[PDB]
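Topology and contacts: notes
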Amino acid sequence: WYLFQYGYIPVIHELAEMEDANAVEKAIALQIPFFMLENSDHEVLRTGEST
Amino acid sequence: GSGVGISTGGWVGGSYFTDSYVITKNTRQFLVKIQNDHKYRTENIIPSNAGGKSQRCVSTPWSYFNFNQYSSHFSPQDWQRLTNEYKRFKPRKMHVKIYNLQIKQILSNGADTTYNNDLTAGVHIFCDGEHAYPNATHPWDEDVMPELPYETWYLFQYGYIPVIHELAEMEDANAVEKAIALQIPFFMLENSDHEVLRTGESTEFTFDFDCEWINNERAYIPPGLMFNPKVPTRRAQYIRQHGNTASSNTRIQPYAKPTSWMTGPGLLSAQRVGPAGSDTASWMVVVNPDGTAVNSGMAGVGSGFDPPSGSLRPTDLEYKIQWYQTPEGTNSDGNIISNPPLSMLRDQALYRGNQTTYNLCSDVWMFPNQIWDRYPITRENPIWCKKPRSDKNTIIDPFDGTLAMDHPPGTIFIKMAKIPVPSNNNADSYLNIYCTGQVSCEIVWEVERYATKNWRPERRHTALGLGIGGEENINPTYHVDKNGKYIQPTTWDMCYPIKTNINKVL
Amino acid sequence: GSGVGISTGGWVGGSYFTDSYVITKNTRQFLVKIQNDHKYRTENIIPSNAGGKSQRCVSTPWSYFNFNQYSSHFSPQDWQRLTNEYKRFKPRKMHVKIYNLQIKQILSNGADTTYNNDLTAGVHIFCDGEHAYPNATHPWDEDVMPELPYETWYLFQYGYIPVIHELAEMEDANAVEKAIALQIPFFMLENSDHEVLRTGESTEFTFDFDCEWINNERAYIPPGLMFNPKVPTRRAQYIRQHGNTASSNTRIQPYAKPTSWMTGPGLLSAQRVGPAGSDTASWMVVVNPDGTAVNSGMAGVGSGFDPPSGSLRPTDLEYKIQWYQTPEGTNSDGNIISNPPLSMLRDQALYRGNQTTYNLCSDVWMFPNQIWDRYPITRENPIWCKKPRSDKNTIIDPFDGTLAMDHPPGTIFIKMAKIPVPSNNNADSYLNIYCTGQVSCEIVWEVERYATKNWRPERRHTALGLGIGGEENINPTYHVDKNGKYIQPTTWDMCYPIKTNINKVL
């Protein structure tokens, strides 16, 4: 079983393309969330550990 | 102890925030005056330009307190702190006191008028907790407790609509018109047991809420957009032959993954009709059972339904909720027009492939696997509405954002005790009196704080979004000018709506 | 149990907010490499264009952890929530773990290099809690823990300045130059008892803070402006005769009431000097006891003091604090320049009446009845500084906003154990190794929530103040672009400073 890389869609792209000047396009873009999984407490294992 | 020269309470005010709950305390000075000549009347309201719309009302001597509004309970400071710091809130408990009452006699000689108190006079206070009477309050009306705690609250006269008027007009001879009319109910509030107070007495009322939460969190993507764009999909799609382009069967693209979820319902087809004096709505809900002649247009029979759009994008300003911030507001001056919160659940649309392009389908009825958000509510929205008692109903989400309740807070009715005076020839001559007093409303609000794993900053409500107005145009919004007038928000964002600041992961 | 194939800890991360306290958890991956050829050296740092400024450093084999920064402990989400919801915070307890260590050997054949672990190798970890050694860390340096939790943290080599160099240059014959030189201290970290770890061992360190609060509240008026403008005053004023205008004695106006309070101190007189390569500061603090020849300009003898302004309004950009947001920032590109918070305690000035107009007096020394605010601090500021041990000092408020401490968090020093290899002719040939591991820092922060009686909304930090940049210029601030690069705030407001949002009544 080969793992697949994790990824997510943060914003609808066409809304935030912010071509030229648009006030609401600018606002949607500044609100784009960003998630790192390192902010969580998780576990690190070596070859003798299991979970 | 207690007596004439002893106060029955004191002023409460402010707001107390904790992580679990919020308590808002509000006191107002109110004025009760004699309404409707101490008598019940049933009058026809028939304006000239309404295009056939006419109603009959039963006007009473009674007046009532209306607490349904956010601006009344929360200050702009308290509201900001609520919508910034909490992802959920609902009203829990509500306690009302009426105290420090003063009944005075009005002696009108002429241009001059004098005011003398009468200690033996009294005031009737009735609270209807079982909802045995027609509901006094309706959302968006102007009768609510004032926003500024030092402003005086003038009661509004109680009245109700006993029958659809056009049905019971009973012009010429009709059998069903006659039958509907003989069944018209008539409600007096004196059939109830209520309380009479003098100037040293006070009263208290408690109310519990059975409610659904108001949700302050925002959706950053549509529910149909949640997938990993990298991972390929097993699904295949078939494109029928159209033009010279031959048919094809192929695997769906990894970025194109189809959603299992659907647009919330709403009706965009209709347009408003006729003169403004008439009832003007794109959609008109009528009750016209049988029998009774059609007579005028459906405006007289019907009620009318807006906002029709629900979660769908309003095409134009006819479909958007808008109100006036002050009772003096007229003709597109001082009106606040709702805007999109920029939540992805809040605005939605459906398009229908014709094999060439997509076309917006206007009527989205209720359908399985639909998701949407309730209307984002500001301080200027009413809190709750009365849910009509019936056998069957669909999902209940009033499009005005209110919380429908089986038993909202019971209306408190209040009336000046009629003091008759003798008369040589028999007439109704009451003594002319009025009462002013203090009413305090304490609501306990259940709240929940947010915790997010988002890295980036989130939107918040800032005083930097506010505007500046006044006579000298130097004062900011939610402040007072040099005449004492209170600067009202000009735009919908200055009202600090919910479903904006706090993100959620769908 | 414990062993080679067992991990000694796990990743901790995040932030936990309560009304009483906040806990920030951070874990990083760090890299230790052999520094300075395992030897102490004392070198002269003498750049060509510095205009006589030259220093001598003692370089060591050791490296150290530097936790002093806000960006390292708080995310932009956590920082926003802190500065919006709390009026006070201070660091309370700090716990550091070093674990999951991996020592590897570097086999350099050529263009290719291979890496093999050696389980018997070890790493020295020394924490100095008594501050018996020259402090490793200095505010605003680039060596701090990374902001992004997935970025690798490269240790920086430890070194210290043993003597002012120009004093001890001891050119020709001087008696006091000879004496200063013979007293030069020399510190080795091996005189201490410290710990040696192998790949299965871990270590822990606790630190307590004795601190003063950081205050997040804002002042809406100056302290001299607090009075009732209506009430008249008893005070009289005397205006000496000037021109044809005769003298007068008169009562002070009710709106003009004089303050009993004074502008905070600051020095605006001086200007920066000379080429950028030199140490350039408006004010230069020198120690030149006696004896030693003047030689070059004072730049070599002195340290230099900025920001000089303190609470006073910076006249120009020379007096403003500015830094670079990335180490690649050069030449007014990527530099953030401090701005006024619009707090009335923060910016101040004094003017001196000459009988005609007022003139700004540049040097405001410390004077009784002065009030000011500390510098408003962002995430990009260091948290604390080392307070030098001395007999006497004045009020301690570093103009960089840091918290001066008698005993800051002790520096943790770390070094690769020297593994010697045999040699036929006697030379120093060490085995070439390096260690990577995981360090977790947990700080407990004591906080206090605000309660205000203000009616109106207050300013908050919003993501709507952020900018948009990147390669494609589509990504917002505090996000990553398509190359993995992290978008940095362009302006000082995007850094969310304190002393802005929350009002206080002076």
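Structural data are supplied above this passage.
Quick notes on the rules
- Residues numbered from 1 in each chain as written, not as in the entry; some residues may be left out.
- Chains lettered and ligands numbered in written order.
- Part of a larger assembly, values for the part shown.
- Heavy atoms only, no water.
- Residues with missing side-chain atoms left out of burial classes, pairs and counts.
- Core = buried A, V, L, I, M, F, W, Y, C linked by side-chain atoms within 4.5 Å.
- Buried < 20%, exposed > 50% of the residue type's maximum accessible area, 1.4 Å probe, protein only.
- Helix = DSSP H or I, 4+ residues; strand = E, 2+ residues; numbered from the N terminus.
- Contact = heavy atoms within 4.5 Å.
- Buried area = accessible area lost by both parts, 1.4 Å probe.
- Salt bridge = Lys/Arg side-chain N within 4 Å of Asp/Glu carboxyl O.
- Polar contact = N/O pair within 3.5 Å; in protein donor to acceptor, adjacent residues only side chain to side chain.
- 1 Å grid on protein atoms, 1.4 Å probe; cavity = no way out; pocket = protein on both sides within 12 Å on 5 of 7 lines; lining within 4 Å.
- Points joined across faces, edges and corners; volume = space filled by probe spheres on them.
- Nonpolar A, V, L, I, M, F, W, Y, C, P; charged D, E, K, R; others polar.

Judged by nonpolar contacts, the single largest core of 65 residues is most densely connected at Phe 30, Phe 65, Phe 67, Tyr 70, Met 94 and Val 96 of chain C. Mapped by element, the contributors of at least two residues to this core are strand 2 (21–33), helix 1 (76–85), strand 5 (86–108), strand 7 (123–128), strand 11 (203–208), strand 25 (403–405), strand 26 (411–416) and strand 27 (433–449) of chain C. Ignoring anything within four residues of it in the chain, the contact list for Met 94 of chain C reads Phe 67, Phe 205, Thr 206, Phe 207, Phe 209, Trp 384, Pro 409, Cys 441, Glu 442 and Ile 443 of chain C. In this structure, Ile 103, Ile 414, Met 416 and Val 447 of chain B belong to the second largest nonpolar core, which totals 60 residues.

Once that is clear, we can look at the environment of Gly 14 of chain B. All names here are of chain B. Along the chain, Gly 14 turns up in strand 1 (residues 14–17). For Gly 14, a relative accessible area of 26% gives the class partly exposed. Residues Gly 14 and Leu 31, 17 residues apart in the sequence, show an inter-C-alpha distance of 22 Å.

Below, the discussion takes up the interface of chain C and chain A. Taken together, the contacts link 31 residues of chain C with 23 residues of chain A. For the pair chain C and chain A, the summed buried area comes to about 2100 Å², and 62% of that belongs to carbon and sulfur atoms. Summed over the shared surface of chain C and chain A, the result is zero salt bridges. The interface formed by chain C and chain A holds eleven residue pairs in polar contact in total. The greatest single-element share of the side of chain C that touches chain A, amounting to three residues, is contributed by strand 5 of chain C.

This paragraph deals with empty space enclosed by the protein. All names here are of chain B. Approximately 140 Å³ is the volume found for the largest cavity. In terms of lining residues, the largest cavity is bounded by 17 residues, among which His 131, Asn 135, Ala 136, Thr 137 and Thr 411 are the most central. The set of elements that each furnish at least two residues to the lining of the largest cavity consists of strand 24 (384–386) and strand 26 (411–416). Here the element with the most residues in the lining of the largest cavity is strand 24; it accounts for three residues. Class assignment for the residues of the lining of the largest cavity results in nine nonpolar, six polar and two charged.

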